[PDB]
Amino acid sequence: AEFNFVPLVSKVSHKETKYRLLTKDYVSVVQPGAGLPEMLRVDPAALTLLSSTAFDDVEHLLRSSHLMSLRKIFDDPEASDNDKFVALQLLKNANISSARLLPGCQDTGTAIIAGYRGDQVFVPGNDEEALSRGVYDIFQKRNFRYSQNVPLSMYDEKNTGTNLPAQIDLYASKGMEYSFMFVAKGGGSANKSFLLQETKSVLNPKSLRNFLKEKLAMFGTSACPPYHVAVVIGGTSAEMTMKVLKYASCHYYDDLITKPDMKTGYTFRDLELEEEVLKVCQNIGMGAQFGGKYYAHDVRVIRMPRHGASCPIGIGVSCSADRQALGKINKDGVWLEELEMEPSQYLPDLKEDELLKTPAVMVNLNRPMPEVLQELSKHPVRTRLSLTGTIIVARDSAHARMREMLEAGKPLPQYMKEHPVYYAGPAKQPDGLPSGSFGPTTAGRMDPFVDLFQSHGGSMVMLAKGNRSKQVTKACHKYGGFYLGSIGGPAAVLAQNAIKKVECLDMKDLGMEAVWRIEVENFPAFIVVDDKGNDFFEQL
């Protein structure tokens, strides 16, 4: 018929989003000549202030709705004891990080910025560079982590030492506002954004539920649940499906129409599938990292148009580092989403000593490794532990380099054969404090090194977060080693309560990915893989 323009996705409000005013500075309304409307001149320093403040706030603060979801776990009669134990560490973590000495997570993430500059906004300068200065500034000032590696070739890399580059996308809109979304996206949650190339034949109730049942297990516990799950069914391209997925997991689309109207847009939020997806998450068994009901806080499902030959599907999560802030600049100043500044009020009234039936088994790590293995071998998987002593810290790059050494005929470093290995990379150490945020790394990315290193007598006791592949279960059964699982997410509580001394041992060029040697007291862990073929997550 006739031309009726309807956008692919309609414009969306954010009615539950409260903004705090940063300043009425930097902004002036001018009346240009020609046939032009009035314009909003914005000084570039306004962009620097907003991006630095926003990342300051998302690295230390959380949304009230998100904290409220963690607190609801304690009242739920169907939540497991481990669900509640995990949620409480994550609530204590928020209380600690609101003081702004320690960020919530050791991975202060990738800085993602999306701005929408209306045609009536004029900025006399370079937008990306002004936003990058704010990112640079705040990561320099706060006790954050430099996590970005730029390539010097295909295979050689260098940490930039500043957490740049930021990913900045500036879009052209209409009107007299500069709107923004800031995201501090952790790497492990970013690794769990998946694109599934599907077809029309999955687009029926029976097929889609069998599909989603299977695919939702792909996150595992590797992205620190409880999750904010998002699903995008359809899309006009793989890059559009994945962009919308990013937005949906940031809850950017909560106010989108929930029924097609063929008027304001072609894309809608499907409340019915969201409830079905939530139930599958509540029945998946993994719960909040160590068994239970709270795989997911909540779910977002967005249905887009598609080419007849296509049905791209996106699934992804926001992790327990749920870090995003809306912002905007208009003729009334610089505005930033208000996050929760009194997170202590979401802490439940209870003694943590009363949440868990059995007390932790205490393991002295400052023993000969055969002794430590002997003590661990007395306990079945699911056994909660409390660890005290020296630990060697190494993750992706240090493991990659040791594999090169082995392949060159060089021995595995001896410190790998004498201590447990904790996969982690610390954020910067605050003045006068024993440790920066120092939580655990995804254990599955190190699975290709386990059999290799244990065949050299190393990596016999591993401490990290997330479930692992069956090859690690077989390797530990083959050589008699252990995978100890930690709670992922509460890096500030660990830095404050458990990590007593931090030294850089080896591979110092790798920044945060260097080999560290740390002293811990009462570090919490569960036995996840034992020396007999048993895996926590294969049982239930």
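Throughout, we count residues from 1 along the sequence that is shown.
A summary of the deposited B-factors shows that, of 330-338 and 141-149, the stretch with the larger mean C-alpha value is 330-338.
In this entry, 344-352 has the higher mean Cα B-factor, the comparison being between 276-284 and 344-352. Among the modelled residues of its chain, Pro370 has a C-alpha B-factor that falls in the highest third, as given in the PDB entry. In the PDB entry, a CA B factor belonging to the highest third of its chain's modelled residues is recorded for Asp127. The deposited CA B-factor of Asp270 belongs to the middle third of values across its chain.
In this PDB entry, the Cα temperature factor of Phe211 sits in the middle third of its chain's modelled residues. Among the modelled residues of the chain, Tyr479 sits in the middle third by CA temperature factor in this PDB entry.
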